[PDB]
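Colleague: Next comes the structure file run.cif, holding mmCIF, C-alpha atoms.
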```
data_run
#
loop_
_atom_site.label_atom_id
_atom_site.label_comp_id
_atom_site.auth_asym_id
_atom_site.auth_seq_id
_atom_site.Cartn_x
_atom_site.Cartn_y
_atom_site.Cartn_z
CA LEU S 64 -10.05 25.49 -24.20
CA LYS S 65 -13.45 24.65 -22.66
CA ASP S 66 -13.06 20.91 -23.28
CA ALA S 67 -9.44 21.11 -22.14
CA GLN S 68 -10.50 22.77 -18.88
CA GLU S 69 -13.24 20.20 -18.27
CA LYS S 70 -10.75 17.38 -18.84
CA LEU S 71 -8.32 19.19 -16.52
CA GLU S 72 -10.96 19.22 -13.78
CA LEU S 73 -11.74 15.53 -14.30
CA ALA S 74 -8.06 14.57 -14.35
CA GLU S 75 -7.22 16.57 -11.22
CA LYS S 76 -10.18 15.07 -9.34
CA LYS S 77 -9.13 11.56 -10.35
CA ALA S 78 -5.50 12.25 -9.43
CA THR S 79 -6.51 13.60 -6.01
CA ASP S 80 -8.66 10.50 -5.45
CA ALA S 81 -5.75 8.24 -6.37
CA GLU S 82 -3.42 10.24 -4.11
CA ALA S 83 -5.81 9.70 -1.21
CA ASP S 84 -5.82 6.01 -2.14
CA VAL S 85 -2.01 6.11 -2.05
CA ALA S 86 -2.05 7.66 1.42
CA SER S 87 -4.53 5.09 2.75
CA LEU S 88 -2.73 2.13 1.17
CA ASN S 89 0.67 3.28 2.43
CA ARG S 90 -0.78 3.65 5.94
CA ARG S 91 -2.10 0.09 5.67
CA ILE S 92 1.30 -1.04 4.37
CA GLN S 93 3.15 0.45 7.33
CA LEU S 94 0.69 -0.88 9.91
CA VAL S 95 0.77 -4.43 8.52
CA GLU S 96 4.56 -4.14 8.31
CA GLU S 97 4.71 -3.28 12.02
CA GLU S 98 2.42 -6.21 12.85
CA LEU S 99 4.65 -8.54 10.80
CA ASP S 100 7.70 -7.17 12.63
CA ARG S 101 6.08 -7.96 15.98
CA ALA S 102 5.18 -11.44 14.71
CA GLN S 103 8.74 -12.17 13.60
CA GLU S 104 10.12 -10.89 16.91
CA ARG S 105 7.77 -13.31 18.67
CA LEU S 106 8.99 -16.06 16.33
CA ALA S 107 12.62 -15.34 17.22
CA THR S 108 11.79 -15.44 20.93
CA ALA S 109 9.97 -18.74 20.37
CA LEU S 110 13.00 -20.26 18.65
CA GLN S 111 15.18 -19.09 21.54
CA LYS S 112 12.80 -20.81 23.97
CA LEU S 113 12.99 -23.95 21.81
CA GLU S 114 16.78 -23.90 22.17
CA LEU G 64 -5.31 26.48 -25.84
CA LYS G 65 -1.57 25.82 -25.48
CA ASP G 66 -1.73 26.37 -21.71
CA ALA G 67 -4.98 24.41 -21.42
CA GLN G 68 -3.56 21.40 -23.27
CA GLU G 69 -0.31 21.52 -21.28
CA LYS G 70 -2.36 21.47 -18.07
CA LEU G 71 -4.39 18.57 -19.47
CA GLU G 72 -1.21 16.64 -20.26
CA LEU G 73 0.34 17.19 -16.83
CA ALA G 74 -2.90 16.32 -15.01
CA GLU G 75 -3.40 13.14 -17.07
CA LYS G 76 0.20 12.03 -16.51
CA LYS G 77 -0.13 12.67 -12.78
CA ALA G 78 -3.42 10.75 -12.57
CA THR G 79 -2.00 7.79 -14.50
CA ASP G 80 1.10 7.65 -12.30
CA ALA G 81 -1.11 7.86 -9.21
CA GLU G 82 -3.23 4.96 -10.47
CA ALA G 83 -0.11 2.87 -11.05
CA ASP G 84 1.07 3.72 -7.53
CA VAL G 85 -2.34 2.71 -6.13
CA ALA G 86 -2.19 -0.67 -7.87
CA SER G 87 1.37 -1.27 -6.66
CA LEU G 88 0.45 -0.34 -3.09
CA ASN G 89 -2.63 -2.59 -3.13
CA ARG G 90 -0.66 -5.60 -4.34
CA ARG G 91 1.96 -4.76 -1.70
CA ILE G 92 -0.83 -4.78 0.89
CA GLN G 93 -2.03 -8.23 -0.11
CA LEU G 94 1.53 -9.60 -0.21
CA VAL G 95 2.37 -8.25 3.25
CA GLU G 96 -0.94 -9.52 4.64
CA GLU G 97 -0.14 -13.01 3.35
CA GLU G 98 3.30 -12.82 4.97
CA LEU G 99 1.70 -11.63 8.22
CA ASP G 100 -0.73 -14.56 8.21
CA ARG G 101 2.11 -17.03 7.66
CA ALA G 102 4.09 -15.42 10.50
CA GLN G 103 1.11 -15.65 12.87
CA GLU G 104 0.65 -19.34 12.02
CA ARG G 105 4.35 -19.99 12.69
CA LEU G 106 4.02 -18.16 16.01
CA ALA G 107 1.07 -20.30 17.10
CA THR G 108 2.80 -23.57 16.21
CA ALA G 109 6.00 -22.49 17.96
CA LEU G 110 4.12 -21.51 21.12
CA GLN G 111 2.37 -24.89 21.24
CA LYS G 112 5.65 -26.76 20.82
CA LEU G 113 7.20 -24.54 23.50
CA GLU G 114 4.49 -25.41 26.02
#
```
In structure tokens, how does this file's structure come out?
Modeller:
Amino acid sequence: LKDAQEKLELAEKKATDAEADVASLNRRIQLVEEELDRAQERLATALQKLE
Amino acid sequence: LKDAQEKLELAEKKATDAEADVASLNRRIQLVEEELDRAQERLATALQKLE
């Protein structure tokens, strides 16, 4: 049980770290997605101006 | 020991799944950043042609 508890602590710390990484990376994903959406809207407007 | 090992198993599974999610989100970040860069380049070229 002692070794199992120590491994539990290590695993939960690592999982929490990876969950924070998930939160940060998903925030980056959404922000870059919004920037890409703005870029493609600008591209559509540019093609309209070309026409 | 049964409870301790069950907790170990659940924590390890959660940490492994979180690591996989982190890797997937990071590769998603790089993919979306590449797409964003291409969109920005297209925007610049289109604006120049428009002018």
Colleague: What would the selection look like, as a ChimeraX atom specification, if the PyMOL selection byres ((chain G) within 7 of (chain S)) were run on the coordinates I just shared?
Modeller: /G:64,67-68,70-71,74-75,77-78,81-82,84-85,88-89,92,95-96,99,102-103,106,109-110,113
Colleague: Matching each Cα of chain S to its counterpart in chain G by order, what RMSD results from the least-squares fit?
Modeller: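 Here the RMSD amounts to 1.2 Å.
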Colleague: Padding 5 Å on every side, please: axis-aligned box over the listed atoms of range 84-99 of chain S, centre and edge lengths to one decimal in Å, as AutoDock Vina command-line options.
Modeller:
```
--center_x -0.6 --center_y -0.4 --center_z 5.4 --size_x 20.5 --size_y 26.2 --size_z 25.0
```
